[PDB]
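Chains, contacts and geometry: an overview
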Amino acid sequence: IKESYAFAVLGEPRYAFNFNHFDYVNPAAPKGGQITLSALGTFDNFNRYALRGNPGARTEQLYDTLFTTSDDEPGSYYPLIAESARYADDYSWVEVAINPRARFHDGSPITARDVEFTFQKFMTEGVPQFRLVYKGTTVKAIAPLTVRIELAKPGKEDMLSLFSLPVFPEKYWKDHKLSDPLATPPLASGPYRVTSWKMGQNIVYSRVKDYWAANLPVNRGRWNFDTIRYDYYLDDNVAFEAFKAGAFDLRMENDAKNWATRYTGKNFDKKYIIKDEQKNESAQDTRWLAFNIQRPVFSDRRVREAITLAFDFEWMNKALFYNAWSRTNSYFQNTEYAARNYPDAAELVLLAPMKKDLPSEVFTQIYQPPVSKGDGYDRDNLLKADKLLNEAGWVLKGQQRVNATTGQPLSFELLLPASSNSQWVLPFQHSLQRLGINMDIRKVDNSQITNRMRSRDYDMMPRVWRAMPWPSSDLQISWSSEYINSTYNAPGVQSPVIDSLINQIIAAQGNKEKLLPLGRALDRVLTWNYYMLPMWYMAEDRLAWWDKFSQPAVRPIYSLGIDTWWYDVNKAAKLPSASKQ
Amino acid sequence: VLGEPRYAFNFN
Ligand SMILES: [Cl-]
Ligand SMILES: [Mg+2]
C-alpha cells in the first residue's frame, strides 16, 4: 500500500509534494479586472453533461474535482478536493482522502458521500459511454471524508480519469436529472460562478473571492480576473470586426487570411492591440473531414481514397491561406507515436497477425496524404482518382459519375457550420465536379450542427481530432466498436483490428516501451484506411489581445494559460475607456 | 483532460 499526493499517467509527476506553485504562474499575480471573450454559435442551457442541448461556454469547468492536472505535463494530477490517496501498486483500488476545507458555493462541505452520489448519478443518468467504461467500478464513501474506488481490472488511467470527475452536490442534484438541460446554473464549486447571462447571447462568470481552494498550490497565481464574460457571435467575420473595434479583449485567430492581411487599423497603429505567434513543439489538434463509412457512398475505401485525391491542399494553402497551414497526417501529430517511419520489428509483431484485414501499405509504405503540384489540376492525382472510382464501380456516363450497376449519380452532402469561414469548399466542390461527382453544400446553424454531429447525421463533415500526447485508453471512446454511439466516433467505424490494438493499448497503459509501437501501429491502421480526409493544422497559436494584460514568464505547454494572466493596471491606462462600447 | 469523453457528449 502506497500513499501519494500526485500521480502521472506515464512516468512521475514533475511537481514534488512540497511544491508551492506551477512553474508557469506568477504566484504574486494581482486579482481584479475583467476579460471579455467571444464564442461562436449559440447556447441554450447550463448542463454540460446532458444527453441533449447546446451547453454554454465554460460550463465544463463549473466544478472542482478530486485532483487537477498541470498544464505543462501530458497527464499529471495534483491535489484539489483530495488531499492524498492510498493505493495498491496494481492500481486496482484507491482510497482518496477529502480535504476538510472543501466547500460548494453555498458554503456546504464537499464530502465522500457527494463523490459516491456523483459516480452513481453519472452511472444512472449520464451519457451512455460512462456506464460502459465504469460498469466494473465502484465508488463508495467508506468514511465521511474517505472515498474508496475499486476497479475490476488494474486501470491506472480509469482511476485517474475519475480524479477529473466533477464532484456534484447531492443536495442540489438529487432534484435534477443529469440527462436534462438546465435553464439556470447548477449549484457548483469552482473558482468562477455564473452570475448573469442572456440565453443565446452572453454568459458572465464572477470570481468567487472566498474560494476555499484559492491558496492551494494548484491554484496559486491562477484565476486572477474578477470577471470573465463570453459574448456569442453567429458569424466569425462579425466577431473578428468586433474584436478590432474593442468589443472583446482576446482573439485566437484560425483564419489565415485574417492574420495575414486584416490586422490593420489605427487601433493597431496606436499599439492598443498586441499580436503574438507562439510556436509549440507539443501534440497538436488536427482538422479532418470525416467520411461516414456507414453510408453506402463512402463504404468503399477506394472511393474515400479517390475523394481524398481530389482535395488539392497545395493549391488551397498557396492561393487561399498564405501557405500558413501544414498538412494533417497523423492521429498522434507531432508526437513520438506518429507513424513517420517504416514499421519496426515490434510493430510488425503487432500487425502481422492481422495482415488479412489490413491495407498492404501498412507494411510497405509511410503514410502521406496526396501532394499536388498546386494548380488545382494535378493530372496524376486526378487520373488515379478516376481509376479508383472506375474499379469501385463508379464510372463516367458523359461527364457524370454514376454507379456502373444502378446508374445512380455519385453524390453526397457536405455538412458545414454556418459560423465558420470555409473558403476551401467551392475549390473542393469544383475538383469533384471535374471527376463527375456532385457535392451538395449544406450550411446549418450551431444547434443543428451539434445535433447532427452527435448522431452522425451527415455524409461528410469537418471534425477536429484533439491533441493526444500518448495513446490513451480514451482512444476507445472515439474508435472502438462498443463506443460507436459515444458522439466521438466520427466515421462510424467498428473494426476488430482497431478494437484489438486499442485493447492492447489499454492493457499496456503506463508502459511507454509497449505504447510506442502500439500507438504507431494504430496510427497506420487509422490513416491507411482513409476513415477521414486529412485537412490541416499549424504548430503555433496566433493570438491577438488588447494591451491590458500581463503574463507569467513561462507559458504552459498544453494550454494557452490565459487563466494565469492578470489585469495590468499600468498597461490598461493607455487604452481607451471601455465606456465607448 | 483524460476522461472528458467519458462524461459528456461532443461539442463543437
Ligand atoms: Cl512569472
Ligand atoms: Mg450506447
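Residues numbered from 1 in each chain as written, not as in the entry; some residues may be left out. Chains lettered and ligands numbered in written order. Heavy atoms only, no water.

- Looking at the method and resolution fields of the entry, one finds X-ray crystallography and 1.65 Å.

- Per the PDB entry, chain A is named YejA, and its organism is Escherichia coli.
- What the PDB record gives as the title of this entry is "Crystal structure of the substrate-binding protein YejA in complex with peptide fragment".
- On record in UniProt, under Sequence similarities, the comment for chain A is "To H.influenzae HbpA." (UniProt positions renumbered as here; feature names shortened; annotations may be inferred.)

**So, the interface of chain B and chain A**
- Counting from both sides, the interface comprises twelve residues of chain B and, opposite them, 41 residues of chain A.
- Approximately 2,100 Å² of surface area, both sides summed, lies buried where chain B meets chain A, with 56% of it carried by carbon and sulfur atoms.
- Broken down residue by residue, the surface that chain B buries against chain A is led by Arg6, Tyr7 and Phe9 of chain B, which jointly contribute 44%.
- Linking chain B to chain A there are three salt bridges.
- In this structure, the salt-bridge partner of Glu4 of chain B is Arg466 of chain A, at a minimum N-O distance of 3.2 Å.
- At the boundary of chain B and chain A, one finds 14 residue pairs in polar contact.
- Of the residues assigned to the side of chain B that touches chain A, the class counts are seven nonpolar, three polar and two charged. (Contact = heavy atoms within 4.5 Å. Buried area = accessible area lost by both parts, 1.4 Å probe. Salt bridge = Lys/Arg side-chain N within 4 Å of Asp/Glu carboxyl O. Polar contact = N/O pair within 3.5 Å; in protein donor to acceptor, adjacent residues only side chain to side chain. Nonpolar A, V, L, I, M, F, W, Y, C, P; charged D, E, K, R; others polar.)

**Some remarks on the pairing of strand β8 (residues 138–143) of chain A**
Residue and element names in this part refer to chain A.
- The pairing of β8 with strand β9 (residues 146–150) spans five bridges and is classified as antiparallel. Among the inter-strand pairings, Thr138 is bridged to a residue of β9, identified as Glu150.
- Joining the antiparallel neighbours β8 and β9 is a turn of two residues. (Pairing = 2+ DSSP bridges. Helix = DSSP H or I, 4+ residues; strand = E, 2+ residues; numbered from the N terminus.)

**Some words on the side chain of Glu95 of chain A**
Residues and elements named next belong to chain A.
- Counting through the fold element by element, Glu95 comes out in strand β7 (residues 93–98).
- On the accessibility criterion, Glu95 (17% relative accessible area) is buried.
- A polar contact of 3.0 Å, which involves the side chain of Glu95, links it to the side chain of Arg148.
- Filtering out sequence-adjacent residues up to four positions away, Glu95 remains in contact with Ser84, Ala85, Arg86, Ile142, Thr146, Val147 and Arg148. (Buried < 20%, exposed > 50% of the residue type's maximum accessible area, 1.4 Å probe, protein only.)

**Side note on the sheet that holds strand β10 (residues 192–198) of chain A**
Residues and elements named next belong to chain A.
- Taken in spatial order, the four strands line up as β3-β12-β11-β10 in an open sheet, and their pairing is mixed. Taken across any chain shown, the strands that pair with only one partner, and hence form the sheet edges, are β3 (34–40) and β10. Averaged over neighbouring strand pairs, the angle between their axes works out to 20 degrees when direction is ignored.
- When β10 meets strand β11 (residues 202–207), the two strands line up antiparallel, connected through six bridges. Bridge pairing in β11 links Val194 to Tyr205. (Axes fitted to C-alpha atoms, helices over the stretch in contact; angles between N-to-C directions.)

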